[PDB]
Amino acid sequence: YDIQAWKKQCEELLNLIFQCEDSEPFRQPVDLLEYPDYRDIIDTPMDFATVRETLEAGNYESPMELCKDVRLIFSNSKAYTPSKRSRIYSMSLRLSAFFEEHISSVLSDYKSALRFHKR
Ligand SMILES: CNc1ccccc1S(C)(=O)=O
């Protein structure tokens, strides 16, 4: 019932994601010189360094907010891809499956801890 435990759990999951070769295209903001039309397609850029820095700054109040930003990395990739079999899109699908498999318990434990706090 530790209400604060999600933060270190999210730090550890971000570390695993940065160790994954599939996270390479998503570790830093998309290069606007290489993809000059990116901001025409994508309203809210997001990347894993921005997520990690937001967490370390103490600017997430809950793991749901961190989830929303990570899911935005994956939806931006889906929105930009010219095809459903593109290399970078396919890397984002595998990384998304890995992230969802691991964030499930972090979200459940946090929500359970908050319910216990208000019992
Ligand atoms: C070729 N680049 C690509 C393809 C599909 C999805 C995302 C990207 S991006 C601009 O985020 O690197």
# chains A, B, ... in the order shown; residues from 1 in each chain; ligands from 1
call {"tool": "residues_around", "arguments": {"residues": "residue A:80", "least_positions_apart": "2", "cutoff": "9 Å", "atoms": "only C-alpha atoms", "output": "ChimeraX atom specification"}}
result
/A:38,41-42,75-78,82-83,89
call {"tool": "residues_near_ligand", "arguments": {"ligand": "ligand 1", "cutoff": "10 Å", "atoms": "only C-alpha atoms and all ligand atoms", "output": "JSON, numbers by chain"}}
result
{"A": [24, 25, 26, 29, 30, 31, 32, 34, 35, 36, 37, 38, 42, 45, 46, 47, 73, 74, 75, 76, 77, 78, 79, 80, 81, 82, 83, 84, 85, 86, 87, 88, 89, 90, 91, 92]}
call {"tool": "residues_around", "arguments": {"residues": "residue A:13", "least_positions_apart": "2", "cutoff": "10 Å", "atoms": "only C-alpha atoms", "output": "tab-separated table (two decimals) with N, CA, C and O atoms, in the first residue's frame"}}
result
chain	number	residue	atom	x	y	z
A	7	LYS	N	7.07	5.53	-8.44
A	7	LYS	CA	8.10	6.36	-9.07
A	7	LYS	C	9.37	5.58	-9.36
A	7	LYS	O	9.83	5.57	-10.51
A	8	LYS	N	9.88	4.84	-8.38
A	8	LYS	CA	11.07	4.02	-8.59
A	8	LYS	C	10.74	2.88	-9.56
A	8	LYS	O	11.57	2.56	-10.41
A	9	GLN	N	9.51	2.32	-9.49
A	9	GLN	CA	9.13	1.28	-10.44
A	9	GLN	C	9.17	1.83	-11.88
A	9	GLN	O	9.62	1.15	-12.79
A	10	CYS	N	8.70	3.07	-12.07
A	10	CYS	CA	8.76	3.71	-13.38
A	10	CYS	C	10.18	4.03	-13.81
A	10	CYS	O	10.52	3.84	-14.98
A	11	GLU	N	11.06	4.44	-12.88
A	11	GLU	CA	12.47	4.67	-13.21
A	11	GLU	C	13.11	3.37	-13.71
A	11	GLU	O	13.83	3.40	-14.70
A	15	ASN	N	14.60	2.50	-17.44
A	15	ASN	CA	15.97	1.98	-17.62
A	15	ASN	C	15.95	0.77	-18.56
A	15	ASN	O	16.76	0.71	-19.50
A	16	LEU	N	14.99	-0.15	-18.37
A	16	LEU	CA	14.89	-1.32	-19.23
A	16	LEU	C	14.58	-0.89	-20.66
A	16	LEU	O	15.19	-1.41	-21.61
A	17	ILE	N	13.67	0.09	-20.82
A	17	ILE	CA	13.34	0.58	-22.14
A	17	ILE	C	14.54	1.21	-22.83
A	17	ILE	O	14.78	0.91	-24.00
A	18	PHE	N	15.34	2.01	-22.11
A	18	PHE	CA	16.56	2.58	-22.71
A	18	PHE	C	17.58	1.49	-23.07
A	18	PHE	O	18.31	1.64	-24.06
A	19	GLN	N	17.59	0.36	-22.35
A	19	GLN	CA	18.49	-0.78	-22.69
A	19	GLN	C	18.04	-1.55	-23.95
A	19	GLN	O	18.83	-2.26	-24.58
A	98	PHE	N	5.93	-4.45	-24.68
A	98	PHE	CA	6.80	-4.60	-23.52
A	98	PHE	C	6.41	-3.62	-22.42
A	98	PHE	O	6.25	-4.01	-21.26
A	99	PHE	N	6.18	-2.35	-22.78
A	99	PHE	CA	5.78	-1.36	-21.80
A	99	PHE	C	4.44	-1.74	-21.14
A	99	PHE	O	4.34	-1.68	-19.91
A	102	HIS	N	4.61	-4.47	-18.52
A	102	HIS	CA	5.25	-4.09	-17.27
A	102	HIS	C	4.53	-2.98	-16.48
A	102	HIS	O	4.58	-3.01	-15.24
A	103	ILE	N	3.86	-2.04	-17.15
A	103	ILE	CA	3.18	-0.96	-16.44
A	103	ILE	C	1.90	-1.41	-15.75
A	103	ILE	O	1.44	-0.72	-14.85
A	106	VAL	N	2.25	-1.72	-12.04
A	106	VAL	CA	2.56	-0.43	-11.40
A	106	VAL	C	1.26	0.37	-11.20
A	106	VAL	O	1.02	0.94	-10.13
call {"tool": "select_by_dssp", "arguments": {"residues": "chain A", "states": "helix (DSSP H, G or I)", "output": "VMD selection string"}}
result
chain A and resid 6 to 19 21 to 26 38 to 41 48 to 56 63 to 80 87 to 117
call {"tool": "atom_distance", "arguments": {"atom1": "atom CA of residue A:115", "atom2": "atom CA of residue A:2"}}
result
11.1 Å
call {"tool": "residues_around", "arguments": {"residues": "stretch 61-63 of chain A", "least_positions_apart": "5", "cutoff": "12 Å", "atoms": "only C-alpha atoms", "output": "MDAnalysis selection string"}}
result
chainID A and resid 3:11 13 51 54:56 68:70 103:111 113:114
call {"tool": "write_last_selection", "arguments": {"atoms": "N, CA, C and O atoms", "output": "short mmCIF file (atom, residue, chain, number, x, y, z; two decimals), in the first residue's frame"}}
result
data_model
loop_
_atom_site.label_atom_id
_atom_site.label_comp_id
_atom_site.auth_asym_id
_atom_site.auth_seq_id
_atom_site.Cartn_x
_atom_site.Cartn_y
_atom_site.Cartn_z
N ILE A 3 2.00 4.41 -1.50
CA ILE A 3 1.51 5.37 -2.49
C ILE A 3 2.61 5.95 -3.34
O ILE A 3 2.33 6.42 -4.44
N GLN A 4 3.88 5.94 -2.87
CA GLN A 4 4.98 6.53 -3.63
C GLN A 4 5.79 5.52 -4.43
O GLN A 4 6.65 5.93 -5.23
N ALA A 5 5.51 4.20 -4.28
CA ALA A 5 6.34 3.19 -4.90
C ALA A 5 6.40 3.22 -6.41
O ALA A 5 7.42 2.82 -6.98
N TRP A 6 5.36 3.75 -7.07
CA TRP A 6 5.32 3.80 -8.52
C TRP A 6 6.49 4.53 -9.14
O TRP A 6 6.89 4.19 -10.25
N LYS A 7 7.07 5.53 -8.44
CA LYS A 7 8.10 6.36 -9.07
C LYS A 7 9.37 5.58 -9.36
O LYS A 7 9.83 5.57 -10.51
N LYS A 8 9.88 4.84 -8.38
CA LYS A 8 11.07 4.02 -8.59
C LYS A 8 10.74 2.88 -9.56
O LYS A 8 11.57 2.56 -10.41
N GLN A 9 9.51 2.32 -9.49
CA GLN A 9 9.13 1.28 -10.44
C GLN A 9 9.17 1.83 -11.88
O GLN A 9 9.62 1.15 -12.79
N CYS A 10 8.70 3.07 -12.07
CA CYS A 10 8.76 3.71 -13.38
C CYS A 10 10.18 4.03 -13.81
O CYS A 10 10.52 3.84 -14.98
N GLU A 11 11.06 4.44 -12.88
CA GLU A 11 12.47 4.67 -13.21
C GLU A 11 13.11 3.37 -13.71
O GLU A 11 13.83 3.40 -14.70
N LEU A 13 11.58 0.73 -15.01
CA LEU A 13 11.03 0.35 -16.32
C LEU A 13 11.64 1.22 -17.46
O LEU A 13 11.98 0.71 -18.54
N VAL A 51 10.15 11.97 -20.98
CA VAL A 51 9.42 11.27 -19.90
C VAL A 51 10.30 11.09 -18.65
O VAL A 51 9.88 11.42 -17.53
N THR A 54 10.85 14.43 -16.92
CA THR A 54 9.62 14.90 -16.25
C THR A 54 9.45 14.16 -14.92
O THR A 54 9.14 14.78 -13.89
N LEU A 55 9.72 12.84 -14.92
CA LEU A 55 9.65 12.02 -13.71
C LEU A 55 10.70 12.50 -12.69
O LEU A 55 10.37 12.73 -11.51
N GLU A 56 11.95 12.69 -13.15
CA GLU A 56 13.01 13.09 -12.24
C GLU A 56 12.84 14.49 -11.70
O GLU A 56 13.29 14.79 -10.58
N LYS A 68 0.27 8.09 -19.88
CA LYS A 68 -0.32 8.87 -20.96
C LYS A 68 0.77 9.42 -21.90
O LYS A 68 0.65 9.34 -23.13
N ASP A 69 1.89 9.89 -21.34
CA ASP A 69 2.99 10.39 -22.16
C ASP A 69 3.69 9.26 -22.93
O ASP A 69 4.04 9.45 -24.09
N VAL A 70 3.91 8.10 -22.30
CA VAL A 70 4.54 7.00 -23.02
C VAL A 70 3.64 6.54 -24.17
O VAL A 70 4.11 6.31 -25.28
N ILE A 103 3.86 -2.04 -17.15
CA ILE A 103 3.18 -0.96 -16.44
C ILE A 103 1.90 -1.41 -15.75
O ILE A 103 1.44 -0.72 -14.85
N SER A 104 1.30 -2.52 -16.18
CA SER A 104 0.04 -2.99 -15.63
C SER A 104 0.04 -3.10 -14.10
O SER A 104 -0.84 -2.55 -13.45
N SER A 105 1.06 -3.76 -13.54
CA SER A 105 1.14 -3.93 -12.09
C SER A 105 1.46 -2.62 -11.39
O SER A 105 1.01 -2.43 -10.27
N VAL A 106 2.25 -1.72 -12.04
CA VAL A 106 2.56 -0.43 -11.40
C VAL A 106 1.26 0.37 -11.20
O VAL A 106 1.02 0.94 -10.13
N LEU A 107 0.40 0.37 -12.22
CA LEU A 107 -0.87 1.10 -12.15
C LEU A 107 -1.80 0.45 -11.16
O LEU A 107 -2.39 1.15 -10.34
N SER A 108 -1.91 -0.88 -11.18
CA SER A 108 -2.78 -1.58 -10.24
C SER A 108 -2.36 -1.35 -8.80
O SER A 108 -3.21 -1.08 -7.95
N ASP A 109 -1.05 -1.45 -8.53
CA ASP A 109 -0.57 -1.26 -7.15
C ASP A 109 -0.79 0.15 -6.69
O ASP A 109 -1.17 0.35 -5.55
N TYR A 110 -0.54 1.13 -7.57
CA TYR A 110 -0.77 2.52 -7.17
C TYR A 110 -2.26 2.76 -6.84
O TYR A 110 -2.58 3.37 -5.81
N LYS A 111 -3.16 2.33 -7.74
CA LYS A 111 -4.58 2.57 -7.52
C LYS A 111 -5.07 1.86 -6.26
O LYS A 111 -5.86 2.42 -5.51
N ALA A 113 -3.16 1.22 -3.61
CA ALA A 113 -2.62 1.98 -2.48
C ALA A 113 -3.44 3.19 -2.20
O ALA A 113 -3.65 3.52 -1.03
N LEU A 114 -3.91 3.90 -3.25
CA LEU A 114 -4.73 5.08 -3.03
C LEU A 114 -6.07 4.72 -2.44
O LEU A 114 -6.56 5.43 -1.56
#
call {"tool": "decode", "arguments": {"residues": "stretch 2-31 of chain A", "atoms": "C-alpha atoms", "output": "PDB file, in the first residue's frame"}}
result
ATOM      1  CA  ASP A   2       2.971   2.325  -0.680  1.00  0.00           C
ATOM      2  CA  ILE A   3       1.507   5.368  -2.486  1.00  0.00           C
ATOM      3  CA  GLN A   4       4.981   6.525  -3.629  1.00  0.00           C
ATOM      4  CA  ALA A   5       6.341   3.188  -4.898  1.00  0.00           C
ATOM      5  CA  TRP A   6       5.323   3.802  -8.521  1.00  0.00           C
ATOM      6  CA  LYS A   7       8.099   6.357  -9.069  1.00  0.00           C
ATOM      7  CA  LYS A   8      11.068   4.020  -8.591  1.00  0.00           C
ATOM      8  CA  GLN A   9       9.130   1.279 -10.438  1.00  0.00           C
ATOM      9  CA  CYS A  10       8.761   3.713 -13.384  1.00  0.00           C
ATOM     10  CA  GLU A  11      12.468   4.667 -13.206  1.00  0.00           C
ATOM     11  CA  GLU A  12      13.419   0.984 -13.416  1.00  0.00           C
ATOM     12  CA  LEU A  13      11.031   0.348 -16.321  1.00  0.00           C
ATOM     13  CA  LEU A  14      12.465   3.402 -18.189  1.00  0.00           C
ATOM     14  CA  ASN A  15      15.968   1.984 -17.623  1.00  0.00           C
ATOM     15  CA  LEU A  16      14.886  -1.325 -19.230  1.00  0.00           C
ATOM     16  CA  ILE A  17      13.335   0.583 -22.137  1.00  0.00           C
ATOM     17  CA  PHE A  18      16.556   2.582 -22.708  1.00  0.00           C
ATOM     18  CA  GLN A  19      18.493  -0.784 -22.688  1.00  0.00           C
ATOM     19  CA  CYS A  20      16.184  -2.120 -25.424  1.00  0.00           C
ATOM     20  CA  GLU A  21      17.490  -1.697 -29.009  1.00  0.00           C
ATOM     21  CA  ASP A  22      13.864  -1.047 -30.046  1.00  0.00           C
ATOM     22  CA  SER A  23      13.837   2.257 -28.107  1.00  0.00           C
ATOM     23  CA  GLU A  24      16.587   3.873 -30.233  1.00  0.00           C
ATOM     24  CA  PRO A  25      14.262   5.992 -32.476  1.00  0.00           C
ATOM     25  CA  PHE A  26      12.348   7.183 -29.393  1.00  0.00           C
ATOM     26  CA  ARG A  27      15.123   8.081 -26.894  1.00  0.00           C
ATOM     27  CA  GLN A  28      15.273  11.763 -27.892  1.00  0.00           C
ATOM     28  CA  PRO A  29      12.819  14.100 -29.694  1.00  0.00           C
ATOM     29  CA  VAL A  30      12.241  13.263 -33.393  1.00  0.00           C
ATOM     30  CA  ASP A  31      14.779  15.092 -35.616  1.00  0.00           C
TER      31      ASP A  31
END
